[PDB]
Amino acid sequence: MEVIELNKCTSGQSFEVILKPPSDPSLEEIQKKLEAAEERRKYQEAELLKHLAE
Amino acid sequence: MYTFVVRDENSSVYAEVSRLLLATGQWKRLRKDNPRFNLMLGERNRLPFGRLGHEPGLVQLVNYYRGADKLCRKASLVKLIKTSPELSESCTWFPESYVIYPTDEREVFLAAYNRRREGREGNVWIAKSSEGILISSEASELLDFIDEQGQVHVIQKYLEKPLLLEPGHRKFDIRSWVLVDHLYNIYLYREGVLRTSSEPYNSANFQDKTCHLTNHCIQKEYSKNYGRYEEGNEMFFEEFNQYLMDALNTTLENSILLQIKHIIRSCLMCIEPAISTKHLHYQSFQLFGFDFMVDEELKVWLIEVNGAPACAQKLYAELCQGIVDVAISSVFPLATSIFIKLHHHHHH
Amino acid sequence: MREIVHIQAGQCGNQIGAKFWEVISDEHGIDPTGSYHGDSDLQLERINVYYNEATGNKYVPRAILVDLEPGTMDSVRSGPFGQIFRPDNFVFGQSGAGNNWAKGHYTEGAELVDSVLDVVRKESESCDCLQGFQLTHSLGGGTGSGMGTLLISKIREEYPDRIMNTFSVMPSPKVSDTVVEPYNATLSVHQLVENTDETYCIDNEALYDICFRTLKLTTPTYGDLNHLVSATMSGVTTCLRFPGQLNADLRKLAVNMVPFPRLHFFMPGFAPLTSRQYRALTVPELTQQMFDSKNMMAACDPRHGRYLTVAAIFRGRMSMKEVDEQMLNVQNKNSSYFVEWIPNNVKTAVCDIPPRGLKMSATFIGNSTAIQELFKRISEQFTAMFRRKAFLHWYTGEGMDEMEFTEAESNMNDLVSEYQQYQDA
Amino acid sequence: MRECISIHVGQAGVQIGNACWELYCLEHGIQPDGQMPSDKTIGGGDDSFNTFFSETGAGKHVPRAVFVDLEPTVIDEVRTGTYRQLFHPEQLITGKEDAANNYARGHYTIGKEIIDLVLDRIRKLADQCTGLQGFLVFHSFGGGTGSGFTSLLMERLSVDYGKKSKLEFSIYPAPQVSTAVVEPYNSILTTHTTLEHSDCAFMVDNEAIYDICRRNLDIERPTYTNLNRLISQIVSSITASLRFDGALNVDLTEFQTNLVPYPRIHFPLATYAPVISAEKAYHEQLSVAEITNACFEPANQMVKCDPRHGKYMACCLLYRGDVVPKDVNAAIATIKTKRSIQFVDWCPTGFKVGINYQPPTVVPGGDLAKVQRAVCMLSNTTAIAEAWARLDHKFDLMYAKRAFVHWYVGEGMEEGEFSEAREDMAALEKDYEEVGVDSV
Ligand SMILES: Nc1nc2c(ncn2[C@@H]2O[C@H](COP(=O)(O)OP(=O)(O)OP(=O)(O)O)[C@@H](O)[C@H]2O)c(=O)[nH]1
Ligand SMILES: Nc1ncnc2c1ncn2[C@@H]1O[C@H](COP(=O)(O)OP(=O)(O)CP(=O)(O)O)[C@@H](O)[C@H]1O
Ligand SMILES: Nc1nc2c(ncn2[C@@H]2O[C@H](COP(=O)(O)OP(=O)(O)O)[C@@H](O)[C@H]2O)c(=O)[nH]1
Ligand SMILES: [Ca+2]
Ligand SMILES: [Ca+2]
Ligand SMILES: [Ca+2]
Ligand SMILES: [Cl-]
Ligand SMILES: [Mg+2]
Ligand SMILES: [Mg+2]
Ligand SMILES: [Mg+2]
């Protein structure tokens, strides 16, 4: 049970005790995903207004 | 109205528990995938303990202790005993055992095997896995069969001086049923059974495995005297006790049962802090099946612990009722105990 | 998600719609002149959901009154809260619909629908954040049924991204005006399956049985039936009209209640059942009664199906702890009636303000597969006539072909099959 | 000194943020009007508390925080509340209509039309920093905004601040206070998209906080106010090292170093004690040994699980109050011989300990009693994977029938993202099992 790296100050103190030793997508790609979803919405809405038009 | 689920259709014990519960008219059975249950009679493999105790308004109970496999696996049990201070290497009631892979203990196994080659002592050992048994005084053989297989085996000292029932000069093992409830009260069923051998023991041919293996399965098939002395090679305590009184001038309680109660309690108190559901969000109980051996010195030896045991045919009714009484009805009350409570507080 | 635009069409729609505004105006402390005289500030925190605010802090319902004849709408204007409604929001014709769906949908109503949409547009433009529309109507008549579903189709075209809710009254032979009610209902359901997010199925069969069997009213009138509806409507809109966490707007309600687009027909419930008593009702009693089939506004046995989703709303001062305990009690003791493949499908809300006359009340909103019994009933009444093409000349005279009846039938039978699919899943 | 920017998203994120900054102010002696008498360097400085607060020439101390919510009612209560003066209007951002408990609606639909605004408002704070450490992001798993918009924000923050660290404080869904049936969906979806962009995430199961409030504070039916004040104490314990003088976890980078050896396994289990009711007439103050022993009871964890049936990769003990190293080591020594604490073979069995002499501060009129010493244990145990198993099971039950899926597809999302996200969670559950379990 070894204590190590003991640091002390006015407000407190810290240390470590050992009981046993060791036995991203770019902005372009994001904007494409958001736009691809936006277009899928526009298509679904267009199909609705087409159905209602009929 | 309490609710429960069945997820092990191949369990004779809890099939009877299921029946008894329904008969009270206060327990209803749900589909095995309905989460709103009070009780789970769970499966043997990969029981989802992680999904228990997260249903508001339901006190949930399960018929298995998570981590209990440490006691109920051959390799695990050996490791547990040899690495647990409260059991230690200086364990007088467990046969000398070593875990062998096809980490491993093949190195240390041969060390003690040599002192028995040197020391002229009976150097017979048995190998088994958690079908698949061999008994021989030659280690060269033992290590070969293990490599021929593909899973972990354990080599254990074969008790060459077993107690023998007369008439017969035959082998046996004792099976005790232990119930551990949610409070971790250890209940020993007052009715055990002797799975006897129906063939005379013979310490010259360790390959004739019908007088050496007292398994009810191996006996009901490979043996030709199955059912001669007792109905299906199963002697019960009332008879075995009378036999001990007449033959050895002793009782079952004194000569054997003290050791059994000691071994059961010692094994379970060891793993208690690792599996106890005292302050958990769900609670566990479980039925265990301890298998023991008795040498000619009337000394008891632990063989294995079974985490999913079956019962003797005539003992199902009484045992299964006791499970509902102590393990289930204790948590879920309905609108001369058959158990012995294993407790002992010696001050020192 | 703030403003809701209310619409009421036809005789039934305007009469239940009128009562609805009488009730919630009292709850919000608004008087017939549109002045606030309440005591609590919970009443005005979300008043803008249903009311527009004028000068002098007058509160004007965001309501549009529609009918193809001036009869019922003259009665509304003369009624108790008649003067609260915006005069320009009264839109009416003269011909009537004669209990003909075709007249309300294709001929008579087509002539009037544009003027209604002009009023709808006016209201919608002044909305800071319009969340959608709620319609009150019957399906057995001509205007509310025929023109109501026409309005819905037009509103969706102009507002495709807003929620469409309806309080639809189902016809029953036990409370019937004409024999062609099954025709009008079937033609209307076909529209509702496609163009609404959430429909509260209010069965006249159920409303009558409650008045007769429970409330001991030997001769129930439409006024007696509407006492139950206005109470139910006040209940299911509680989460929308007051501060809350659960189902506080129409969209969030739809997300919690509608696992599949077409299965959005709800079974409303209310407790305690009242008629025009001082019994202090306990939380366990509210919980038992609200789930009781005899408190359901749709003549369907809940035990003949399974609950996909449920929304409970307790009103009054009571133990939050006890409410939770009782709601968990009904689920755990009748778990077989709630589908296991939608975990925790019962959400509960509580409001400190009870309705008028009661200390404690509970409103039930259930999406049960047992609702199919309702559509099965209409389908049988429909087929009984349609197999002989009886009374069809009323519709073919307005330009409809038999093919359109066949289609409407098949789509409602599909709806029944879809409920049965998830009842066995 | 290096700055940290807090980001609060959705109702849960904002309301928890409110409780935290309320607690920060009390602990640092900052008044509601932003003044801080004890601070003698007017109009600037680089003290430890400056990590979370900036300074104006007037002597005003302003949280380096951004509040975001797709609807205004919640953040409006901040603009009018007790600490209205504390925040600058540009820090508080609100849309008009919310994500309606829909991940896709929060991520794709509404997220797209506000994301640029939020980043620019964050950029305003980032420009005020001399050396930005990174971000602390508070949000819920269940909400549409908390799940959907957060994931979008976490993706963009990795693009605009690729070198900066990102910590999460996530609220795991609990039916006892949940407001939607589809919270399991939103959870898997946001966890999948956020996984690679988060360095260390502290999960808090509302279930755990709820029962702790019932059990230890004698609250019959806890409100978010009860939950948040408790949650804020744990968050305070975790961030205290960034705001006070010390030598353990002094930057966001060190959290990853100490608690997260494997990057995907970045969900440390938090355990806190003691939790004492302020209404408790008589209370015997608990010792170092007693509260340290409590750190290994599931009943005190932020997530209900069983660390006994898993393995540790790291363990940190954060003490606040009358505690010295000698008492800690004595307690740890006793505990080690009574409990099941098994680390992975490739890690040392040990504890990194931090002590601040100032005991826990509590809100006046709050539910928590003041104690002379408390502790928050941060342990990276594989047992937390139980929470993932619970969540993924509910997901599989609903998705097998495609229940509520149409709500997401209708927002432009593809049905494929459901299986992609679920498959990622299946991999995550498998990683935990490899590290934590031996072949039985
Ligand atoms: N602990 C805690 N949990 C909260 C709080 N507020 C909401 N939650 C949880 O968050 C989940 C819902 O997410 P919200 O944060 O409310 O929703 P949102 O982020 O505003 O996103 P929207 O759906 O667009 O409104 C529920 O499961 C709640 O239990 C809170 O103040 N404290
Ligand atoms: N160390 C030993 N010394 C002597 N005999 C032994 C022995 N180990 C096992 N046996 C014999 O093996 C028999 C049962 O084997 P074990 O006790 O290993 O159960 P099993 O695992 O073999 C059966 P199951 O697969 O149904 O659990 C005992 O009754 C005994 O006869
Ligand atoms: N609950 C209720 N139902 C009504 C009322 N008036 C008519 N109905 C029902 O609605 C159907 C008739 O539709 P109605 O609204 O009168 O015709 P419309 O004016 O063309 O919409 C019948 O099935 C009636 O049972 C009423 O005041 N209350
Ligand atoms: Ca005309
Ligand atoms: Ca300063
Ligand atoms: Ca990164
Ligand atoms: Cl950077
Ligand atoms: Mg009429
Ligand atoms: Mg025009
Ligand atoms: Mg919100």
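Residues numbered from 1 in each chain as written, not as in the entry; some residues may be left out. Chains lettered and ligands numbered in written order. Part of a larger assembly, values for the part shown. Heavy atoms only, no water.

By the naming in the PDB entry, chain D is Tubulin alpha-1B chain, taken from Bos taurus. Looking at the PDB record, one finds the entry titled "Crystal structure of tubulin in complex with Maytansinol". Taken directly from UniProt, the Catalytic activity text for chain D runs: "GTP + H2O = GDP + phosphate + H(+)". (UniProt positions renumbered as here; feature names shortened; annotations may be inferred.)

The name that the PDB entry assigns to chain B is Tubulin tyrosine ligase, with the source organism given as Gallus gallus.

Right, let's get into the interface of chain A and chain C. Taken together, the 4 residues of chain A in the interface contact 4 residues of chain C. Carbon and sulfur atoms supply 71% of the area buried between chain A and chain C, which totals about 430 Å² over both sides. In terms of surface lost to chain C, no three residues of chain A exceed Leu-48, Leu-49 and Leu-52 of chain A, which account for 82% of the buried area on that side. Connecting chain A to chain C are 0 residue pairs in polar contact. (Contact = heavy atoms within 4.5 Å. Buried area = accessible area lost by both parts, 1.4 Å probe. Polar contact = N/O pair within 3.5 Å; in protein donor to acceptor, adjacent residues only side chain to side chain.)

We now examine the packing of aromatic side chains. Any two aromatic rings considered together are summarised by their centre-to-centre distance and by the angle between their planes. Enumeration according to the criterion identifies 67 aromatic pairs over all chains in this entry. Between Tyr-2 of chain B and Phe-332 of chain B the ring centres are 5.3 Å apart and the planes differ by 50 degrees, which places this aromatic pair in the tilted class. Here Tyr-2 of chain B falls in the partly exposed class, since its relative accessible area comes to 22%. Assessed through its relative accessible area of 3%, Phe-332 of chain B is described here as buried. Judged by centre distance (6.4 Å) and plane angle (80 degrees), the rings of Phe-291 of chain C and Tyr-307 of chain C are edge-to-face. Here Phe-291 of chain C, found in the loop between α11 (283-290) and β10 (307-316), pairs with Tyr-307 of chain C, found in strand β10; they are 16 residues apart in sequence, far enough to count as distant. Of the aromatic side chains, those joined through ring pairs into one cluster are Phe-20, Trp-21, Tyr-50, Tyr-51, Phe-85 and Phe-90 of chain C. Across from the ring centre of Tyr-229 of chain B, 3.8 Å away, lies the NZ or CZ of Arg-170 of chain B, which sits over that ring. (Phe/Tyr/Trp six-rings, centres within 6.5 Å; stacked < 30°, edge-to-face > 60°. Buried < 20%, exposed > 50% of the residue type's maximum accessible area, 1.4 Å probe, protein only. Helix = DSSP H or I, 4+ residues; strand = E, 2+ residues; numbered from the N terminus. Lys NZ or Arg CZ within 6 Å of the ring centre and 35° of its normal.)

Following the UniProt record, one finds the feature "binding site: GTP" at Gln-11, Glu-71, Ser-140, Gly-144, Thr-145, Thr-179, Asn-206 and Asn-228 of chain D. Look at the named residues: they lie 218 residues apart in sequence, and the longest C-alpha span between them is 22.6 Å, so in the fold they stay spread out. Mapping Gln-11 of chain D onto the fold places it in helix α1 (residues 10-28). On the basis of relative accessibility, which here comes to 25%, the residue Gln-11 of chain D falls in the partly exposed class. Each residue touching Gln-11 of chain D, except ones within four places of it in the same chain, is listed here: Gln-245 of chain C together with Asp-69, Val-74 and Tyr-224 of chain D.

What follows is about the site of ligand 3. Residue and element names in this part refer to chain C. Close to ligand 3 lie 18 residues; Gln-11, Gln-15, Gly-142, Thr-143 and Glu-181 are nearest. Here an oxygen atom of ligand 3 and a backbone polar atom of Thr-143 are 2.6 Å apart. Calculation on ligand 3 without its partners gives an accessible area of 570 Å², and the protein chains cover 97% of this total. Secondary structure elements with two or more residues in the shell around ligand 3: α1 (10-27), α5 (143-158) and α8 (222-236). Here the shell around ligand 3 gets 4 residues from one element, more than from any other, and that element is α1. Counted by class, the shell around ligand 3 contains 4 nonpolar, 12 polar and 2 charged residues. (Near = heavy atom within 4 Å. Areas by Shrake-Rupley, 256 points an atom, 1.4 Å probe, with all protein chains shown as cover. Nonpolar A, V, L, I, M, F, W, Y, C, P; charged D, E, K, R; others polar.)

The next subject is the nonpolar core. Grouped together as the largest cluster of nonpolar side chains are 198 residues, with contacts concentrated most on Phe-314, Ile-371 and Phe-375 of chain C together with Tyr-185, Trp-388 and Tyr-408 of chain D. Apart from residues lying up to four places away in sequence, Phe-375 of chain C is in contact with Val-189, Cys-201, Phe-265, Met-412, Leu-415, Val-416 and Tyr-419 of chain C. Counting residues in each nonpolar core, the second largest holds 61 residues, with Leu-86, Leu-230, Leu-242 and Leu-378 of chain D among its members. (Core = buried A, V, L, I, M, F, W, Y, C linked by side-chain atoms within 4.5 Å.)

Moving on to the packing of helix α6 (residues 183-194) of chain D against helix α12 (residues 385-399) of chain D. All names here are of chain D. Running from N to C, α6 and α12 point in directions that differ by 115 degrees, and their axes come no closer than 9 Å. For the element pair α6 and α12, the recorded crossing hand is left-handed. Where α6 approaches α12, its residues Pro-184, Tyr-185, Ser-187, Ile-188 and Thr-191 are matched on the opposing element by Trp-388, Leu-391, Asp-392, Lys-394, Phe-395, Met-398 and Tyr-399. (Axes fitted to C-alpha atoms, helices over the stretch in contact; angles between N-to-C directions. Left-handed = near helix turned anticlockwise from the far one by under 90°.)

We now examine the packing of α11 of chain C against helix α12 (residues 320-333) of chain C. Residue and element names in this part refer to chain C. Two numbers describe how α11 lies on α12: the axes approach to 9 Å, and their chain directions differ by 35 degrees. α12 is crossed by α11, and the crossing has right-handed handedness. Seen from α11, the contacting residues are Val-283, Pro-284 and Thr-287; seen from α12, they are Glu-322, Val-323, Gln-326, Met-327 and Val-330. In terms of residue class, the contact of α11 with α12 is built from 5 nonpolar, 2 polar and 1 charged.

Surveying the vicinity of ligand 1 reveals 25 residues, the closest of which are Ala-99, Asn-101, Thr-145, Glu-183 and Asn-228 of chain D. Taken together, the residues near ligand 1 originate from chains C and D. In the model, an oxygen atom of ligand 1 is placed 2.7 Å from a nitrogen or oxygen of the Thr-145 of chain D side chain. Relative to its free-state accessible area of 650 Å², ligand 1 is covered by the protein chains to the extent of 98%. Listing elements by their share of the shell around ligand 1, those giving two or more residues are α1, α5 (144-160) and α8 (224-243) of chain D. Broken down by element, the shell around ligand 1 gets its largest block of residues, 4 residues, from α1 of chain D. Within the shell around ligand 1, the residues separate by chemical class into 7 nonpolar, 14 polar and 4 charged.

The next thing to look at is a negative patch on the surface. Taken together, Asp-39, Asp-41 and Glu-45 of chain C together with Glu-77 of chain D make up a surface patch of like negative charges. Mapped onto the elements, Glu-77 of chain D comes out in helix α2 (residues 73-80). Residue classification places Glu-77 of chain D among the exposed positions, given a relative accessible area of 55%. (Patch = residues over 30% accessible without salt bridge, like charges linked within 9 Å, V, L, I, M, F, W, Y side chains within 5 Å. Salt bridge = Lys/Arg side-chain N within 4 Å of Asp/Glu carboxyl O. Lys, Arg positive; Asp, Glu negative; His and termini not counted. Charge placed at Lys NZ, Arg CZ, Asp CG, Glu CD.)

With that settled, the discussion passes to the domain arrangement of chain D. Residue and element names in this part refer to chain D. Here chain D is described as being made up of domain 1 (1-268), domain 2 (269-383) and domain 3 (384-440). Taken over C-alpha atoms, the centre of domain 2 sits 32 Å from the centre of domain 3. Residue-level contacts link 13 residues of domain 2 with 8 residues of domain 3. When domain 2 packs against domain 3, the two sides together hide about 850 Å² of surface, and 55% of this comes from carbon and sulfur. Considering only the surface of domain 2 that becomes buried against domain 3, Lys-311, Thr-382 and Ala-383 emerge as the three largest contributors, covering 48% of it. (Domains from an automatic or database assignment.)

Our focus in this paragraph is the interface of chain D and chain A. With 38 residues of chain D at the interface, the matching set in chain A holds 33 residues. Buried surface at the junction of chain D and chain A, summed over both partners, amounts to about 3,100 Å²; 59% is from carbon and sulfur atoms. Counting across the chain D and chain A interface gives 2 salt bridges. One can count 14 residue pairs in polar contact joining chain D with chain A. Those elements giving two or more residues to the side of chain D that touches chain A turn out to be α3 (103-112), α5, α11 (325-336) and β11 (349-356) of chain D. With 8 residues, the single largest contributor to the side of chain D that touches chain A is β11 of chain D. Class assignment of the residues belonging to the side of chain D that touches chain A gives a composition of 17 nonpolar, 11 polar and 10 charged. In terms of strand pairing, strand β2 (residues 12-20) of chain A meets β11 of chain D through 8 bridges, oriented antiparallel. Across the sheet, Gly-12 of chain A pairs through a bridge with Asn-356 of chain D, a residue of β11 of chain D. (Pairing = 2+ DSSP bridges.)

Attention now goes to empty space enclosed by the protein. Residue and element names in this part refer to chain D. Approximately 130 Å³ is the volume attributed to the largest cavity. Elements with a minimum of two residues in the lining of the largest cavity: α6 and α12. Residues belonging to the lining of the largest cavity are distributed by class as follows: 9 nonpolar, 2 polar and 4 charged. Here the second largest cavity defines a volume of roughly 80 Å³. Lining the second largest cavity we find 13 residues, and of these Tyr-272, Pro-274, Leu-368, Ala-369 and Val-371 sit closest to its centre. Its residues assigned to classes, the lining of the second largest cavity comprises 11 nonpolar, 2 polar and no charged. (1 Å grid on protein atoms, 1.4 Å probe; cavity = no way out; pocket = protein on both sides within 12 Å on 5 of 7 lines; lining within 4 Å. Points joined across faces, edges and corners; volume = space filled by probe spheres on them.)

Attention now goes to the sheet that holds strand β9 (residues 265-271) of chain C. Residues and elements named next belong to chain C. Taken in spatial order, the 10 strands of this open sheet run β5-β4-β1-β6-β7-β8-β9-β12-β10-β11, and their pairing is mixed. Where the open sheet ends on each side, the last strands, each with one partner, are β5 (90-92) and β11 (346-351). If you compare each strand with its neighbour and ignore which way they point, the axes differ by 20 degrees on average. Note that β10 and strand β12 (residues 360-368) share 9 bridges and pair antiparallel.

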